[PDB]
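So the structure is just underneath, and the comments pick up after that.
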There are 2 protein chains.
Amino acid sequence: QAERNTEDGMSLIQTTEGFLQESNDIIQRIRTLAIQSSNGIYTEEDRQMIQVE
Amino acid sequence: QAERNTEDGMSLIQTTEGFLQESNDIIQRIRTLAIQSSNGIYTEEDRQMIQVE
């Protein structure tokens, strides 16, 4: 049963991780968007469009 | 994306330059006109015609 509990623990940890993969790609996407935003000729109106994203 | 921003920057700079080519040919034309104007027998009435230009 201890082996089983260890395995149930594995699932929590992987489940959590899947949500964190979800978490990370968003940061990577926001970084992509930040680089576009950091372009000083990219306008404020267009930046608001990015800020929605 | 940084490469792209560099390229978008190129466009601003080139666009600006095109307007400055426009700016310079005018000065060159005004100089041509100024030389005609600097002719002391070129009359005041004719100078007004040049001054329109």
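Naming works like this for the structure tokens: A, B, ... for the chains as they're shown, residue 1 at the start of each chain, ligands 1 onward in shown order.
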
Could you make a table, as a tab-separated table, of the residues of chain B that have an atom within 7 Å of an atom of chain A, each with its nearest atom pair and distance in Å to one decimal, counting only C-alpha atoms, in chain and number order?
residue	atom	partner	partner_atom	distance
B:1	CA	A:35	CA	6.4
B:2	CA	A:35	CA	6.8
B:5	CA	A:39	CA	6.0

Self-check item: alpha helix (DSSP H) residues, from DSSP on the backbone, in chain A, as JSON, numbers by chain
Solution: {"A": [2, 3, 4, 5, 6, 7, 8, 9, 10, 11, 12, 13, 14, 15, 16, 17, 18, 19, 20, 21, 22, 23, 24, 25, 26, 27, 28, 29, 30, 31, 32, 33, 34, 35, 36, 37, 44, 45, 46, 47, 48, 49, 50, 51, 52]}

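CA of residue 30 in chain A is found 8.3 Å from CA of residue 53 in chain A.
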
Quiz item: Between CA of residue 14 in chain B and CA of residue 43 in chain A, what is the distance, to one decimal in Å?
Solution: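 One can read the CA of residue 14 in chain B to CA of residue 43 in chain A distance as 18.1 Å.
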
Quiz item: Distance CA of residue 52 in chain A-CA of residue 26 in chain A, one decimal place?
Solution: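 One can read the CA of residue 52 in chain A to CA of residue 26 in chain A distance as 13.5 Å.
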